[PDB]
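Single-structure report; data block below.
Number of protein chains: 4
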Amino acid sequence: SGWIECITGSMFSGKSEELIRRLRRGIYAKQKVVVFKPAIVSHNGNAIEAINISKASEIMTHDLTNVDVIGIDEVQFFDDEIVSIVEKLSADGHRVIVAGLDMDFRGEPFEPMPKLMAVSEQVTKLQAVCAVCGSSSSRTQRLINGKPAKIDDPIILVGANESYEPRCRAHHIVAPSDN
Amino acid sequence: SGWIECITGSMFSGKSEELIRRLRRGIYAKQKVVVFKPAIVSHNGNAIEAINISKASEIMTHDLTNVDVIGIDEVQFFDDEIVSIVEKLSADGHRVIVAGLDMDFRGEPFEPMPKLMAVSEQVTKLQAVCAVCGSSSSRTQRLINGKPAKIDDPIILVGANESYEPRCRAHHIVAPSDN
Amino acid sequence: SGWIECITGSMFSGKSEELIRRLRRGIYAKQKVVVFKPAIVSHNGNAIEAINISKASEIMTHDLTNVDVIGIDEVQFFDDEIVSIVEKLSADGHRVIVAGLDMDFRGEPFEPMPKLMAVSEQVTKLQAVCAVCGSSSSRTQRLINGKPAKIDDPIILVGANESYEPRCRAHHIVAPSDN
Amino acid sequence: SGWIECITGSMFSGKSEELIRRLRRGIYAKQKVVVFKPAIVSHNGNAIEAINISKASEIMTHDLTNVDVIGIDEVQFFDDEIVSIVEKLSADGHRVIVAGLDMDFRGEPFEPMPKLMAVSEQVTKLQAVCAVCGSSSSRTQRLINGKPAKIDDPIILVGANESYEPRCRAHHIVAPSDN
Ligand SMILES: [Cl-]
Ligand SMILES: [Cl-]
Ligand SMILES: [Cl-]
Ligand SMILES: [Cl-]
Ligand SMILES: [Cl-]
Ligand SMILES: [Cl-]
Ligand SMILES: [Cl-]
Ligand SMILES: [Cl-]
Ligand SMILES: [Zn+2]
Ligand SMILES: [Zn+2]
Ligand SMILES: [Zn+2]
Ligand SMILES: [Zn+2]
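Chains as they are written, first to last, in the entry's author numbering: chain A, 7 to 46, 56 to 194; chain B, 7 to 46, 56 to 194; chain C, 7 to 46, 56 to 194; chain D, 7 to 46, 56 to 194.
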């Protein structure tokens, strides 16, 4: 009765809008729907309940016994703990829809999406349009000073000129570490 | 260089939201994007130009020489004429995205989506959630007086109690003609 | 309980192999499966029954009361009659899988695939690889004397040097009529 | 120029047949194609070169400079080492198609498919048909003595009555460990 759907892809691939589109179908069928998003839409009075959380554990603190469809956006902000949470919810008969990043800016697998992709019934990898060539993009390009971020530049970075854009694998560049 | 993408499915399957999601990817790649819709969204100053039209012929009256991506929503409101228009635009190097109904309320193929599906590079049939059983829906149920519309009830209907909801083929009912 | 799945695309896109792959899943689940193909695979003793036919009408002459899954390959060799046949079979609780051409060599919609795409629950447009550039192909290129067939060359053609290959829309060429 | 396509799903979902179908499209476009499979199809004289291997490292020992398309079947028989091998081949301009199991019989993510799904441009999760209910399956059911394998039963098992069949999550059962 319950299953998991996984939506992934780079930044700017429309993951969040796709998650919302599928939750909206829940509303037209008069189902109860909620979405969880990291802390740090209605039709005929029935509405998507949105819920900000700091930790994946907060999900089970909510009463979900009457909820048909559970969304979870930006899953890369959580741990592999969210994997067992999502399996349990799907075994308790919920439709569960998770969205988040497949890779980080370096092109490295972004926990916990690998495992979610492996255990989910459905997987949809969305692609954006490369800011360079206009072909299908697959990667998130991080720029620091109009230049390709380095493999070892940290994610917390104070006062830096920082931008993100989608790129194809060919146009994606991770600059080498310094020494 | 140009191609066609077709988005179809019943009412309430999210066709319009999916068309917008794909056009938004155009904006993040700094492409120029427009959408046409029947008469009767920005990021960094670059915006989807929306354009209401009465007739498919109006499309060619617009200057489209710098437009990367052309959307066309609710194509069932137009004729098979839109087929050659969309082939020409795709041959002139545009990415073209059409959305509309696959079938009418009777379950009959809704012109001009059949031909567009046949000539398009990509086809995506979206499914909603059946208002009866909660399975994947495929059809638009028309109700008149809380009852299934008849195969021959007209679409223009004055003063009637009229509703639409998505249903699976099993729960979709077209009532017989009277005599 | 019954539905339709449509598999389409150009020649050489693997439609026939995809139809067989999906019918084989029927066998591993111990379902009874048949495939119809135009006239003019087992596992643990349970086998796909293959059936050659001249006319779509022959389908209803077969006893199908115990058949879970009905395949129909090369549907372009049949008429729009096959549309109501496939709707009836799906309404009688069968899973029905149709494969055939979306367009002919001219790029024109190939009856009866448009209507089938419109009324089917699922649609899968397969793409081959362009014999010229190696990108995703969408069209069937007909060659006569190492040259692009003409829009009006007939399909019955005696003694001619005739070849077919998949191409992208850009590399697909229909030569003009003579006068 | 190069990319990765990932084909996954349970046993009996047709992963191997889908991998072959996509490699065959390479042949019709006159591309050179090879497939690697664990040790322990032609058209107009141009043929898929099949190659049995014990170790993922053997792949780089082969001369691949003229190969357009590289297949790799049953990737669960290899290590995460195959991840960097597949990224390198895709960065050297090859189309790479990997197939293998998403989960093991226990429902646990099957290395190295998680990471491959995360770094691949395309992901296709195929589904079989549940041997119990006939709905879409997602899991591989292991049976020992007509009974559900236990979470801790090993995979090497001498003289046991052992069968596998695809099941939906609901009908999939992992029996508890003994003590
Ligand atoms: Cl990132
Ligand atoms: Cl999607
Ligand atoms: Cl309608
Ligand atoms: Cl989509
Ligand atoms: Cl043809
Ligand atoms: Cl497919
Ligand atoms: Cl296994
Ligand atoms: Cl596929
Ligand atoms: Zn690019
Ligand atoms: Zn229903
Ligand atoms: Zn081409
Ligand atoms: Zn089942």
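Backbone N, C-alpha and C fix where the C-beta goes; we use that ideal spot for every residue, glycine too.
For a contact defined as C-beta to C-beta under 8 Å, what are the partners of residue i on chain B?
i	result
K36 of chain A	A146
Could you work out which residues of chain C lie near residue i, taking near to mean beta carbons separated by less than 8 Å?
i	result
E136 of chain B	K140, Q142, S151, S153 and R184
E73 of chain D	Simply none; closest approach about 27 Å.
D78 of chain B	Within chain C, no residue comes near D78 of chain B; the closest Cβ sits about 24 Å away, beyond 8 Å.
Strictly below 8 Å CB to CB, what residues from chain D border residue i?
i	result
residue 2 of chain A	Residue coverage of chain A in this structure runs from 7 to 194, which leaves residue 2 of chain A outside it and unanswerable.
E23 of chain C	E23, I26, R27 and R30
Take residue i and list the residues in its own chain whose beta-carbon comes closer than 8 Å to its own, dropping the five residues that flank it on each side.
i	result
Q37 of chain A	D83 and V84
residue 48 of chain A	Within chain A, the sequence of modelled residues goes 46 then 56, so residue 48 of chain A has no position in this structure.
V98 of chain A	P127, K130, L131 and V134
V147 of chain D	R182, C183 and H186
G20 of chain A	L141 and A143
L29 of chain C	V39, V41, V56, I63, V84, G86 and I112
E177 of chain B	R157, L158 and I159
Do you know how far the Cα of residue j is from the Cα of residue i?
i	j	result
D95 of chain D	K130 of chain A	14 Å
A190 of chain D	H77 of chain A	30 Å
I188 of chain B	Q156 of chain B	7 Å
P124 of chain A	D117 of chain D	16 Å
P163 of chain A	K103 of chain B	39 Å
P44 of chain C	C12 of chain B	29 Å
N81 of chain D	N61 of chain A	59 Å
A35 of chain C	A175 of chain B	48 Å
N67 of chain C	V39 of chain D	33 Å
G15 of chain A	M75 of chain C	46 Å
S69 of chain C	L158 of chain C	28 Å
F93 of chain D	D119 of chain D	14 Å
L79 of chain D	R31 of chain B	35 Å
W9 of chain B	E64 of chain A	39 Å
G115 of chain B	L172 of chain A	46 Å
residue 196 of chain A	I170 of chain B	Coverage of chain A is limited to positions 7 through 194, which leaves residue 196 of chain A absent and any answer about it impossible.
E24 of chain B	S105 of chain B	20 Å
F18 of chain C	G161 of chain C	19 Å
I26 of chain C	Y179 of chain A	44 Å
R110 of chain C	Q91 of chain C	20 Å
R154 of chain A	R154 of chain B	37 Å
List the residues of chain A whose Cβ lies closer than 8 Å to the Cβ of residue i, in chain order.
i	result
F18 of chain B	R31 and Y34
Ignore the nearest five residues each way along the sequence and tell me which others in residue i's own chain have a CB closer than 7 Å to its CB.
i	result
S7 of chain C	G108
residue 48 of chain C	Residue 48 of chain C cannot be placed in this structure, since chain C goes from 46 to 56 without the numbers between.
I46 of chain B	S69
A71 of chain B	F93, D94, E96, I97 and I100
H58 of chain C	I33 and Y34
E73 of chain C	none
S22 of chain A	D88 and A114
Residues of chain C with CB closer than 9 Å to the CB of residue i, please, in chain order.
i	result
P181 of chain D	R31, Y34 and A35
Can you pull the chain A neighbours of residue i, defined as C-beta to C-beta under 7 Å?
i	result
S7 of chain D	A185
Show which residues of chain A have a CB atom less than 9 Å away from the CB atom of residue i.
i	result
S105 of chain D	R184
Below 6 Å CB to CB, which residues in the same chain sit around residue i once its five sequence neighbours on both sides are set aside?
i	result
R121 of chain C	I166 and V189
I87 of chain B	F42 and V113
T139 of chain D	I13
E136 of chain B	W9 and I10
Applying a beta-carbon distance threshold of less than 7 Å, which residues of chain C neighbour residue i?
i	result
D117 of chain B	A133
Taking only beta-carbon positions, decide if residue i is within less than 9 Å of chain F.
i	result
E89 of chain C	In the structure shown, chain F does not exist; the protein chains are A, B, C and D.
Runs of beta strand (DSSP E) wholly within the segment 144–188 of chain A (minimum 3 residues, chain order): 154–159 and 177–182
Contact shell at 7 Å, judged by CB to any heavy atom of ligand 12, ordered along the chain: D:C145, D:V147, D:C148, D:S150, D:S152, D:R182, D:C183, D:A185 and D:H186
Contact set, ligand 3 heavy atom to C-beta under 5 Å: B:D119 and B:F120
Under 6 Å, CB to nearest heavy atom of ligand 4: contacting residues: B:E24 and B:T139
Minimum length 3: unbroken beta strand (DSSP E) runs contained in the segment 73–105 of chain A: 84–87
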